[PDB]
Amino acid sequence: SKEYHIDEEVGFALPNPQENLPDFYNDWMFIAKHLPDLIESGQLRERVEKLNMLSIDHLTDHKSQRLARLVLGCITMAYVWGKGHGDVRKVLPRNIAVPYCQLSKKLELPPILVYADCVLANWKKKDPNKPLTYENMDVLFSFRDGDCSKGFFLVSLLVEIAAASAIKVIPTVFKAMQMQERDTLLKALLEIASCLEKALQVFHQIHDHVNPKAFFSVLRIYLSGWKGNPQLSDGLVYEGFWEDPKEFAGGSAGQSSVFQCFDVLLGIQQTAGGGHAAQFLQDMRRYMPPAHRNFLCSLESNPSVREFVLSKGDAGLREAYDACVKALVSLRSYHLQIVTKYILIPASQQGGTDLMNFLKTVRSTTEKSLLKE
Amino acid sequence: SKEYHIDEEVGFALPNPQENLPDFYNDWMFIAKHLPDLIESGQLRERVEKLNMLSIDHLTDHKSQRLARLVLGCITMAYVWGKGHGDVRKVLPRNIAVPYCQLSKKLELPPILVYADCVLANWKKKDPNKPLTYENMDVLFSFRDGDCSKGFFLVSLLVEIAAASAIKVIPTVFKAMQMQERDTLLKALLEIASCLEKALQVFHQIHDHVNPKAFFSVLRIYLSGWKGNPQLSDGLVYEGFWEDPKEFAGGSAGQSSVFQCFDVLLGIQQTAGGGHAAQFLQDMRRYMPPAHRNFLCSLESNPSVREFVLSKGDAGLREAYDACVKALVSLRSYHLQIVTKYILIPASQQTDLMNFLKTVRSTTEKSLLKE
Ligand code: HEM
Ligand code: HEM
Ligand SMILES: Oc1ccc(Cl)cc1-c1cn[nH]n1
Ligand SMILES: Oc1ccc(Cl)cc1-c1cn[nH]n1
Ligand SMILES: Oc1ccc(Cl)cc1-c1cn[nH]n1
């Protein structure tokens with residue numbers, strides 16, 4: 001590939017993000033490094049106003065700028081939702097709203113916490129000379145004590161690094177098609193399916209590191225946005241930056257590029273149709289880094305691997321392509337059982353069928369693309 | 001400029017489209033070649049219904065499939081809207097709804113008549129040796145006798161080809177910004193500014209071939225879709241392909257790819273934000289051919305030309321960039337004049353859209369180098 005900011009070892013996630021802003025921004029990071037104690041003791045929402053407007057011009061590196069996107073990303077999320085019980089804040093102060101919105105429009109991201117922030121730029125190696133395992137990694141910023149966000153964010157990242165190992169052979173696939181090298185194409189497609197089968201194994205780790213009570217009842221509120229959300233009926237007001245309140249969608253893993261990249265590579269029409277699911281995934285691309293957004297657009301400009309394999313009438317090539325489509329149906333059927341345990345069941349203990357049909361539609365169209373036609 | 005299916009003469013349009021399908025589709029072609037006659041005689045719907053279901057497996061090349069799309073697209077709009085007097089059909093019969101939908105998914109386009117059907121693939125040179133001018137061209141299919149569909153389509157197409165001549169220099173803009181070649185970058189922008197300038201002069205031909213009442217009362221209804229239409233509140237049933245009635249937008253020049261690419265090129269954030277205008281132009285992109293959608297998002301992959309120009313302190317450079325933007329404000333201001341003549345005052349003869357054209361006009365005029 002060219003420079004869509006892809007790391008051969010890590011992929012779309014940010015490789016080794018820096019852990020601390022420059023000492024100018026010390027007073028920012030203070031609220032960011034201490035949100036658990038800060039909102040439990042009720043000291044959070046006013047310490048925001050105690051801040052004065054820092055300028056973004058001394059964040060020199062991309063790693064520096066994106067780390068600041070994370071600290072301001074969570075600082076706003078903790079401000080708007082607060083305790084997490086219903087006390088809502090419908091307007092951000094301006095000494096925090098316009099630093100965020102400026103660096104957001106410089107990085108071309110919406111001024112909200114996106115998946116690229118709280119996962120891809122939100123980790124560190126405990127001991128730098130170890131493998132990237134959950135035992136050796138740690139999240140840089142959490143919202144509340146017992147959030148399980150360490151397990152939730154990193155297990156999310158861990159299977160992203162797992163499937164990103166398949167990105168490296170995507171050029172091999174398109175090479176083998178155009179130069180009509182049948183065998184290497186079949187071994188490239190099998191290696192694609194290997195990673196997605198292993199990303200399902202890494203997905204198993206979420207049971208050990210997140211419990212359903214915490215996720216649904218503390219972590220889910222802090223990651224929800226103010227688009228189509230009654231608590232901020234028509235969005236959040238940005239003092240000094242925008243006249244009116246603007247609506248933005250909360251974090252989703254639909255903003256990850258690998259979890260849309262395999263759907264376009266395999267000719268799976270996730271974004272086709274005027275459907276709710278297609279519109280959701282198409283819109284979530286706006287919440288991806290501009291380099292990653294340009295990477296999906298770049299994949300869509302290639303010939304369909306699905307049409308190539310079906311034309312050749314090769315039982316070998318078709319079985320390998322189905323393996324990838326199967327490995328995706330697996331990752332989404334298993335996700336369905338996890339949404340069952342971590343959202344469905346904790347909701348019946350305090351309408352939501354729309355949540356399950358979306359994920360079933362995205363799997364339904366994935367299952368249709370199998371070479372059973 | 002790799003194969004985004006942009007010819008250097010006709011641009012986004014289809015270079016020399018096909019007008020005859022194979023003999024296996026005569027029953028389709030007959031209905032399409034006689035849409036006015038079949039509608040005036042009340043015979044159209046009976047002919048569409050008695051159709052046998054035909055396989056799309058004989059449409060081999062891209063052009064044959066584009067003709068059948070425009071063939072089946074027009075027959076569909078004819079069947080749904082009828083004589084145009086409110087007696088609609090909200091169930092498209094199986095024997096036409098299935099081949100239409102199979103073909104549409106094969107070409108990755110909504111199963112409704114789209115701009116790249118009735119315009120970019122709906123033309124024909126009278127004489128193969130003479131240039132592309134209105135008097136040398138003709139449409140392939142029309143709705144009613146006197147609907148001025150020849151004028152409306154061919155003028156829109158000729159305006160597109162005019163602006164399409166600017167597509168060829170877009171590679172030199174981004175390579176000049178790259179190598180920092182100032183003078184060639186200035187000549188490139190002014191060449192864009194001239195092609196946009198000429199397209200406005202081609203636009204003037206609209207008054208000579210489109211009668212205002214025939215458009216508003218006749219042609220505007222055979223181009224309307226079933227998305228937010230009270231006459232088909234929940235869409236149209238594609239009997240035999242989907243259980244449910246689907247909603248789809250009618251033809252609109254928002255589906256034209258020339259007239260969204262220049263806003264992207266010049267850093268005009270027409271699709272930015274979440275407003276209704278930005279989403280309508282974003283929602284209208286799913287109606288472009290797949291190779292044309294790819295061209296737009298790949299332009300977005302490039303650095304912003306506007307911020308580059310704003311950094312140079314080069315008055316000659318800015319005057320050239322502004323020349324492009326002002327030519328877009330001219331085209332949109334003259335459009336607003338046109339919509340008043342061809343829609344507004346015919347409606348008075350027994351604002352939601354006007355605020356849309358003024359919103360996008362203001363967004364363009366905001367990109368003028370004043371900040
Ligand atoms: C307890 C854990 C999880 C819960 C409760 C959960 C819940 C959900 C929900 C509710 C959605 C619906 C979209 C929305 O409403 O925003 C969703 C979408 C999605 N989730 Fe998860 N999720 C979890 C873990 C994961 C992980 C670890 C991944 C991958 C790293 C993942 C990948 C996706 C993807 C790709 C979508 C978009 C729909 C699709 O492409 O199929 N999720 N998730
Ligand atoms: C009698 C002739 C015309 C009428 C009545 C007309 C009417 C309209 C209307 C109502 C819209 C808004 C979208 C909608 O409500 O569906 C629109 C948008 C548009 N029309 Fe036209 N139009 C005409 C001719 C043309 C021609 C010849 C072009 C050739 C370029 C053109 C280009 C556009 C474009 C690009 C838009 C999208 C908004 C924008 O990009 O600024 N139209 N037109
Ligand atoms: O895994 C995640 C990590 C961070 C954020 Cl903001 C969202 C997700 C997610 C998973 N499924 N839907 N959203
Ligand atoms: O849609 C996906 C594409 C790739 C990968 Cl690795 C995972 C998913 C997924 C997982 N859970 N729901 N969707
Ligand atoms: O110019 C056109 C040609 C064909 C079709 Cl379907 C629509 C338009 C149009 C222009 N402005 N609104 N719609």
# chains A, B, ... in the order shown; residues from 1 in each chain; ligands from 1
$ residues_near_ligand --ligand "ligand 5" --cutoff "6 Å" --atoms "only C-alpha atoms and all ligand atoms" --output "VMD selection string"
chain B and resid 114 to 115 118 to 119 153 156 223 251 to 253
$ residues_around --residues "region 192-197 of chain A" --least-positions-apart "5" --cutoff "10 Å" --atoms "only C-alpha atoms" --output "list in words"
residues 159, 160, 161, 162, 163, 164, 165, 166, 167, 168, 169, 170, 173, 186, 187, 202, 203, 262, 320, 321, 322, 323, 324, 325, 326, 327, 328, 330 and 331 of chain A
$ closest_atom_pairs --of "chain B" --to "ligand 2" --cutoff "7 Å" --atoms "only C-alpha atoms and all ligand atoms" --output "CSV"
residue,atom,partner,partner_atom_place_in_ligand_line,distance
B:152,CA,ligand 2,2 (C),6.6
B:155,CA,ligand 2,27 (C),5.8
B:156,CA,ligand 2,27 (C),4.0
B:159,CA,ligand 2,29 (C),5.7
B:160,CA,ligand 2,30 (C),6.1
B:203,CA,ligand 2,27 (C),6.1
B:206,CA,ligand 2,27 (C),6.8
B:210,CA,ligand 2,1 (C),6.9
B:215,CA,ligand 2,1 (C),6.8
B:252,CA,ligand 2,16 (O),5.4
B:253,CA,ligand 2,34 (C),4.5
B:254,CA,ligand 2,37 (C),4.4
B:256,CA,ligand 2,35 (C),6.5
B:259,CA,ligand 2,35 (C),4.9
B:260,CA,ligand 2,40 (O),6.3
B:332,CA,ligand 2,41 (O),5.7
B:335,CA,ligand 2,21 (Fe),6.5
B:338,CA,ligand 2,1 (C),6.1
B:339,CA,ligand 2,5 (C),4.6
B:342,CA,ligand 2,1 (C),5.0
B:343,CA,ligand 2,5 (C),5.5
B:353,CA,ligand 2,15 (O),5.0
B:356,CA,ligand 2,12 (C),6.9
B:357,CA,ligand 2,41 (O),5.7
B:360,CA,ligand 2,41 (O),5.6
B:361,CA,ligand 2,41 (O),6.5
$ write_last_selection --atoms "N, CA, C and O atoms" --output "mmCIF file, in the first residue's frame"
data_model
loop_
_atom_site.group_PDB
_atom_site.id
_atom_site.type_symbol
_atom_site.label_atom_id
_atom_site.label_comp_id
_atom_site.auth_asym_id
_atom_site.auth_seq_id
_atom_site.Cartn_x
_atom_site.Cartn_y
_atom_site.Cartn_z
ATOM 1 N N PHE B 152 -34.313 19.449 -22.614
ATOM 2 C CA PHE B 152 -33.867 19.398 -21.225
ATOM 3 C C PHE B 152 -32.670 18.469 -21.053
ATOM 4 O O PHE B 152 -31.708 18.807 -20.353
ATOM 5 N N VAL B 155 -29.448 19.798 -23.426
ATOM 6 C CA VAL B 155 -28.834 21.010 -22.891
ATOM 7 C C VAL B 155 -28.056 20.691 -21.620
ATOM 8 O O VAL B 155 -26.921 21.147 -21.442
ATOM 9 N N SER B 156 -28.646 19.895 -20.722
ATOM 10 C CA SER B 156 -27.925 19.464 -19.527
ATOM 11 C C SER B 156 -26.661 18.700 -19.896
ATOM 12 O O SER B 156 -25.612 18.873 -19.264
ATOM 13 N N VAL B 159 -24.041 21.178 -21.317
ATOM 14 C CA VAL B 159 -23.438 21.921 -20.214
ATOM 15 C C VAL B 159 -22.433 21.044 -19.478
ATOM 16 O O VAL B 159 -21.382 21.516 -19.027
ATOM 17 N N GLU B 160 -22.734 19.750 -19.357
ATOM 18 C CA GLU B 160 -21.828 18.833 -18.676
ATOM 19 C C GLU B 160 -20.529 18.664 -19.457
ATOM 20 O O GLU B 160 -19.436 18.759 -18.888
ATOM 21 N N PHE B 203 -25.492 26.986 -21.124
ATOM 22 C CA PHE B 203 -26.724 26.954 -20.341
ATOM 23 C C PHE B 203 -27.799 27.859 -20.933
ATOM 24 O O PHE B 203 -28.994 27.571 -20.803
ATOM 25 N N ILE B 206 -31.080 26.835 -22.869
ATOM 26 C CA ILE B 206 -32.254 26.244 -22.232
ATOM 27 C C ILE B 206 -33.524 26.986 -22.622
ATOM 28 O O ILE B 206 -34.595 26.378 -22.749
ATOM 29 N N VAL B 210 -36.739 24.435 -24.243
ATOM 30 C CA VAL B 210 -37.592 23.971 -23.157
ATOM 31 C C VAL B 210 -38.654 25.033 -22.915
ATOM 32 O O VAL B 210 -38.339 26.148 -22.484
ATOM 33 N N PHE B 215 -42.508 21.711 -19.359
ATOM 34 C CA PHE B 215 -41.622 21.131 -18.357
ATOM 35 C C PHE B 215 -42.359 20.899 -17.044
ATOM 36 O O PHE B 215 -42.405 19.775 -16.531
ATOM 37 N N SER B 252 -32.122 13.810 -10.465
ATOM 38 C CA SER B 252 -31.745 15.179 -10.143
ATOM 39 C C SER B 252 -30.303 15.405 -10.567
ATOM 40 O O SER B 252 -29.474 14.500 -10.461
ATOM 41 N N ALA B 253 -30.003 16.624 -11.028
ATOM 42 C CA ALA B 253 -28.631 16.943 -11.410
ATOM 43 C C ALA B 253 -27.673 16.927 -10.234
ATOM 44 O O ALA B 253 -26.478 17.176 -10.428
ATOM 45 N N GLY B 254 -28.164 16.693 -9.016
ATOM 46 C CA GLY B 254 -27.262 16.341 -7.941
ATOM 47 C C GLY B 254 -26.526 15.054 -8.243
ATOM 48 O O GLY B 254 -25.389 14.862 -7.804
ATOM 49 N N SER B 256 -25.435 14.458 -11.096
ATOM 50 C CA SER B 256 -24.378 14.827 -12.025
ATOM 51 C C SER B 256 -23.052 14.900 -11.282
ATOM 52 O O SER B 256 -22.968 15.482 -10.196
ATOM 53 N N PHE B 259 -20.827 18.498 -11.518
ATOM 54 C CA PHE B 259 -21.275 19.598 -10.679
ATOM 55 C C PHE B 259 -21.326 19.237 -9.204
ATOM 56 O O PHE B 259 -22.062 19.872 -8.440
ATOM 57 N N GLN B 260 -20.577 18.218 -8.795
ATOM 58 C CA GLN B 260 -20.115 18.093 -7.424
ATOM 59 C C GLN B 260 -18.602 18.034 -7.335
ATOM 60 O O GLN B 260 -18.049 18.346 -6.275
ATOM 61 N N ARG B 332 -24.773 29.019 -10.511
ATOM 62 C CA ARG B 332 -25.847 28.779 -9.557
ATOM 63 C C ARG B 332 -26.825 29.943 -9.485
ATOM 64 O O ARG B 332 -28.017 29.730 -9.239
ATOM 65 N N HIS B 335 -28.937 29.488 -12.517
ATOM 66 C CA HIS B 335 -29.881 28.400 -12.234
ATOM 67 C C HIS B 335 -31.090 28.914 -11.453
ATOM 68 O O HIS B 335 -32.237 28.635 -11.812
ATOM 69 N N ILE B 338 -33.367 30.351 -13.594
ATOM 70 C CA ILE B 338 -34.033 29.356 -14.430
ATOM 71 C C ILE B 338 -35.163 28.677 -13.664
ATOM 72 O O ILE B 338 -36.269 28.496 -14.186
ATOM 73 N N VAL B 339 -34.900 28.284 -12.413
ATOM 74 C CA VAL B 339 -35.919 27.605 -11.616
ATOM 75 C C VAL B 339 -37.120 28.512 -11.385
ATOM 76 O O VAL B 339 -38.263 28.040 -11.316
ATOM 77 N N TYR B 342 -39.043 28.223 -14.747
ATOM 78 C CA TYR B 342 -39.487 26.900 -15.162
ATOM 79 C C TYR B 342 -40.206 26.117 -14.070
ATOM 80 O O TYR B 342 -40.680 25.009 -14.340
ATOM 81 N N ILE B 343 -40.307 26.650 -12.853
ATOM 82 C CA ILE B 343 -40.986 25.935 -11.776
ATOM 83 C C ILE B 343 -41.852 26.886 -10.958
ATOM 84 O O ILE B 343 -43.044 26.628 -10.750
ATOM 85 N N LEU B 353 -37.093 23.984 -1.799
ATOM 86 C CA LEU B 353 -36.036 23.778 -2.779
ATOM 87 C C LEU B 353 -35.277 25.069 -3.061
ATOM 88 O O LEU B 353 -34.059 25.044 -3.270
ATOM 89 N N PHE B 356 -32.786 25.498 -0.704
ATOM 90 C CA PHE B 356 -31.694 24.562 -0.951
ATOM 91 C C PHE B 356 -30.685 25.128 -1.944
ATOM 92 O O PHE B 356 -29.473 25.026 -1.726
ATOM 93 N N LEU B 357 -31.164 25.722 -3.039
ATOM 94 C CA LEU B 357 -30.251 26.287 -4.026
ATOM 95 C C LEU B 357 -29.532 27.517 -3.490
ATOM 96 O O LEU B 357 -28.371 27.754 -3.838
ATOM 97 N N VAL B 360 -26.675 26.266 -1.034
ATOM 98 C CA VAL B 360 -25.463 25.813 -1.706
ATOM 99 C C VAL B 360 -24.791 26.963 -2.444
ATOM 100 O O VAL B 360 -23.563 26.973 -2.602
ATOM 101 N N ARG B 361 -25.565 27.953 -2.901
ATOM 102 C CA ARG B 361 -24.955 29.130 -3.509
ATOM 103 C C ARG B 361 -24.181 29.937 -2.475
ATOM 104 O O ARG B 361 -23.082 30.428 -2.756
#
$ residues_around --residues "region 86-97 of chain B" --least-positions-apart "6" --cutoff "6 Å" --atoms "only C-alpha atoms" --output "list in words"
residues 52, 53, 80, 236, 237, 238, 239 and 240 of chain B
$ write_last_selection --atoms "N, CA, C and O atoms" --output "PDB file, in the first residue's frame"
ATOM      1  N   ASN B  52     -43.252 -10.811 -21.053  1.00  0.00           N
ATOM      2  CA  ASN B  52     -42.579 -11.955 -20.465  1.00  0.00           C
ATOM      3  C   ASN B  52     -41.358 -11.477 -19.692  1.00  0.00           C
ATOM      4  O   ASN B  52     -40.770 -10.437 -20.004  1.00  0.00           O
ATOM      5  N   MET B  53     -40.984 -12.234 -18.666  1.00  0.00           N
ATOM      6  CA  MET B  53     -39.785 -11.907 -17.906  1.00  0.00           C
ATOM      7  C   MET B  53     -38.559 -12.299 -18.721  1.00  0.00           C
ATOM      8  O   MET B  53     -38.410 -13.460 -19.115  1.00  0.00           O
ATOM      9  N   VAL B  80     -45.392   3.816 -13.687  1.00  0.00           N
ATOM     10  CA  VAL B  80     -45.759   4.307 -12.363  1.00  0.00           C
ATOM     11  C   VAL B  80     -46.661   5.530 -12.476  1.00  0.00           C
ATOM     12  O   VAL B  80     -47.703   5.616 -11.815  1.00  0.00           O
ATOM     13  N   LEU B 236     -42.242   2.309  -3.729  1.00  0.00           N
ATOM     14  CA  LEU B 236     -42.783   1.480  -4.796  1.00  0.00           C
ATOM     15  C   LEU B 236     -42.393   0.027  -4.565  1.00  0.00           C
ATOM     16  O   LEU B 236     -41.267  -0.265  -4.155  1.00  0.00           O
ATOM     17  N   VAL B 237     -43.327  -0.879  -4.837  1.00  0.00           N
ATOM     18  CA  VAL B 237     -43.074  -2.306  -4.675  1.00  0.00           C
ATOM     19  C   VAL B 237     -42.381  -2.830  -5.925  1.00  0.00           C
ATOM     20  O   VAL B 237     -42.917  -2.731  -7.034  1.00  0.00           O
ATOM     21  N   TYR B 238     -41.184  -3.387  -5.748  1.00  0.00           N
ATOM     22  CA  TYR B 238     -40.476  -4.062  -6.833  1.00  0.00           C
ATOM     23  C   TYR B 238     -40.820  -5.552  -6.783  1.00  0.00           C
ATOM     24  O   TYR B 238     -40.000  -6.415  -6.461  1.00  0.00           O
ATOM     25  N   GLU B 239     -42.086  -5.825  -7.106  1.00  0.00           N
ATOM     26  CA  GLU B 239     -42.701  -7.146  -7.035  1.00  0.00           C
ATOM     27  C   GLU B 239     -41.782  -8.232  -7.574  1.00  0.00           C
ATOM     28  O   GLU B 239     -41.332  -8.171  -8.723  1.00  0.00           O
ATOM     29  N   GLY B 240     -41.499  -9.227  -6.738  1.00  0.00           N
ATOM     30  CA  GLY B 240     -40.637 -10.325  -7.119  1.00  0.00           C
ATOM     31  C   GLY B 240     -39.164 -10.115  -6.848  1.00  0.00           C
ATOM     32  O   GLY B 240     -38.361 -10.995  -7.182  1.00  0.00           O
TER      33      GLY B 240
END
$ atom_distance --atom1 "CA of residue 330 (chain B)" --atom2 "CA of residue 105 (chain A)"
28.9 Å
$ atom_distance --atom1 "CA of residue 103 (chain B)" --atom2 "CA of residue 295 (chain B)"
22.3 Å
$ atom_distance --atom1 "CA of residue 261 (chain B)" --atom2 "CA of residue 66 (chain B)"
22.4 Å
$ interface_residues --of "chain B" --to "chain A" --cutoff "7 Å" --atoms "only C-alpha atoms" --output "number ranges by chain"
B: 294, 297-298, 301
$ write_last_selection --atoms "C-alpha atoms" --output "PDB file, in the first residue's frame"
ATOM      1  CA  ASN B 294     -14.887   6.726  -6.809  1.00  0.00           C
ATOM      2  CA  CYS B 297     -13.940  10.516  -3.002  1.00  0.00           C
ATOM      3  CA  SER B 298     -10.466  10.231  -4.552  1.00  0.00           C
ATOM      4  CA  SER B 301      -7.948  12.237  -0.892  1.00  0.00           C
TER       5      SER B 301
END
$ residues_near_ligand --ligand "ligand 1" --cutoff "9 Å" --atoms "only C-alpha atoms and all ligand atoms" --output "PyMOL selection string"
chain A and resi 152-160+199+203+206-207+210-212+215-216+220+224+249-256+258-260+263+270+277+280-281+328+331-332+335-336+338-344+355-356+358-363
$ residues_around --residues "residue 303 (chain B)" --least-positions-apart "3" --cutoff "12 Å" --atoms "only C-alpha atoms" --output "PDB file with N, CA and C atoms, in the first residue's frame"
ATOM      1  N   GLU A 108      -9.631  16.889  10.668  1.00  0.00           N
ATOM      2  CA  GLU A 108     -10.802  16.542   9.858  1.00  0.00           C
ATOM      3  C   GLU A 108     -11.638  15.444  10.517  1.00  0.00           C
ATOM      4  N   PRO A 290      -8.818  10.966   8.262  1.00  0.00           N
ATOM      5  CA  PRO A 290      -8.915  11.222   6.816  1.00  0.00           C
ATOM      6  C   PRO A 290      -8.085  10.262   5.985  1.00  0.00           C
ATOM      7  N   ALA A 291      -6.927   9.832   6.493  1.00  0.00           N
ATOM      8  CA  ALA A 291      -6.109   8.871   5.762  1.00  0.00           C
ATOM      9  C   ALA A 291      -6.805   7.519   5.659  1.00  0.00           C
ATOM     10  N   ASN A 294      -9.726   7.753   3.216  1.00  0.00           N
ATOM     11  CA  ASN A 294      -9.228   7.665   1.849  1.00  0.00           C
ATOM     12  C   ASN A 294      -8.783   6.256   1.487  1.00  0.00           C
TER      13      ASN A 294
ATOM     14  N   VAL B 173      -3.251  20.386 -11.545  1.00  0.00           N
ATOM     15  CA  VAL B 173      -3.377  21.236 -10.362  1.00  0.00           C
ATOM     16  C   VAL B 173      -2.656  20.607  -9.177  1.00  0.00           C
ATOM     17  N   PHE B 174      -2.921  19.325  -8.921  1.00  0.00           N
ATOM     18  CA  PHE B 174      -2.356  18.681  -7.742  1.00  0.00           C
ATOM     19  C   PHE B 174      -0.877  18.357  -7.909  1.00  0.00           C
ATOM     20  N   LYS B 175      -0.413  18.135  -9.141  1.00  0.00           N
ATOM     21  CA  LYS B 175       1.015  17.927  -9.342  1.00  0.00           C
ATOM     22  C   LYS B 175       1.784  19.240  -9.300  1.00  0.00           C
ATOM     23  N   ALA B 176       1.138  20.355  -9.653  1.00  0.00           N
ATOM     24  CA  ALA B 176       1.801  21.652  -9.552  1.00  0.00           C
ATOM     25  C   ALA B 176       1.912  22.098  -8.100  1.00  0.00           C
ATOM     26  N   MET B 177       0.845  21.916  -7.318  1.00  0.00           N
ATOM     27  CA  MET B 177       0.946  22.116  -5.876  1.00  0.00           C
ATOM     28  C   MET B 177       2.054  21.255  -5.287  1.00  0.00           C
ATOM     29  N   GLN B 178       2.203  20.031  -5.795  1.00  0.00           N
ATOM     30  CA  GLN B 178       3.229  19.124  -5.292  1.00  0.00           C
ATOM     31  C   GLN B 178       4.625  19.649  -5.608  1.00  0.00           C
ATOM     32  N   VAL B 264     -15.619  19.926  -4.641  1.00  0.00           N
ATOM     33  CA  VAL B 264     -14.598  19.151  -3.941  1.00  0.00           C
ATOM     34  C   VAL B 264     -13.207  19.653  -4.303  1.00  0.00           C
ATOM     35  N   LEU B 265     -12.945  19.814  -5.603  1.00  0.00           N
ATOM     36  CA  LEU B 265     -11.633  20.259  -6.062  1.00  0.00           C
ATOM     37  C   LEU B 265     -11.226  21.566  -5.397  1.00  0.00           C
ATOM     38  N   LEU B 266     -12.104  22.565  -5.445  1.00  0.00           N
ATOM     39  CA  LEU B 266     -11.816  23.894  -4.923  1.00  0.00           C
ATOM     40  C   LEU B 266     -12.036  24.010  -3.420  1.00  0.00           C
ATOM     41  N   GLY B 267     -12.184  22.894  -2.713  1.00  0.00           N
ATOM     42  CA  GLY B 267     -12.358  22.949  -1.270  1.00  0.00           C
ATOM     43  C   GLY B 267     -13.631  23.633  -0.822  1.00  0.00           C
ATOM     44  N   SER B 298     -11.909  10.183  -4.345  1.00  0.00           N
ATOM     45  CA  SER B 298     -10.466  10.231  -4.552  1.00  0.00           C
ATOM     46  C   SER B 298      -9.965  11.661  -4.702  1.00  0.00           C
ATOM     47  N   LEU B 299     -10.812  12.570  -5.196  1.00  0.00           N
ATOM     48  CA  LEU B 299     -10.472  13.988  -5.156  1.00  0.00           C
ATOM     49  C   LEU B 299     -10.356  14.473  -3.719  1.00  0.00           C
ATOM     50  N   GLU B 300     -11.201  13.944  -2.835  1.00  0.00           N
ATOM     51  CA  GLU B 300     -11.131  14.282  -1.422  1.00  0.00           C
ATOM     52  C   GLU B 300      -9.860  13.747  -0.773  1.00  0.00           C
ATOM     53  N   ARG B 306      -7.389  25.192  -1.770  1.00  0.00           N
ATOM     54  CA  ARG B 306      -7.724  26.512  -1.248  1.00  0.00           C
ATOM     55  C   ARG B 306      -6.742  26.952  -0.170  1.00  0.00           C
ATOM     56  N   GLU B 307      -6.391  26.051   0.751  1.00  0.00           N
ATOM     57  CA  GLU B 307      -5.431  26.413   1.787  1.00  0.00           C
ATOM     58  C   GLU B 307      -4.036  26.618   1.210  1.00  0.00           C
ATOM     59  N   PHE B 308      -3.678  25.862   0.168  1.00  0.00           N
ATOM     60  CA  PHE B 308      -2.413  26.091  -0.523  1.00  0.00           C
ATOM     61  C   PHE B 308      -2.359  27.500  -1.101  1.00  0.00           C
ATOM     62  N   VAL B 309      -3.416  27.903  -1.809  1.00  0.00           N
ATOM     63  CA  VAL B 309      -3.441  29.222  -2.433  1.00  0.00           C
ATOM     64  C   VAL B 309      -3.422  30.317  -1.374  1.00  0.00           C
TER      65      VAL B 309
END
$ closest_residue --among "A:221, A:121, A:113, A:268" --to "ligand 3" --atoms "only C-alpha atoms and all ligand atoms"
A:113
$ residues_around --residues "residue 17 (chain B)" --least-positions-apart "4" --cutoff "8 Å" --atoms "only C-alpha atoms" --output "PyMOL selection string"
chain B and resi 63+67+121-124
$ select_by_dssp --residues "region 184-247 of chain B" --states "helix (DSSP H, G or I)" --output "number ranges by chain"
B: 184-203, 206-209, 212-219
$ residues_around --residues "residue 147 (chain B)" --least-positions-apart "2" --cutoff "12 Å" --atoms "only C-alpha atoms" --output "list in words"
residues 35, 36, 84, 141, 142, 143, 144, 145, 149, 150, 151, 152, 153, 209, 210, 211, 212, 213, 214, 215, 216, 217, 218, 219, 220, 221, 222 and 223 of chain B
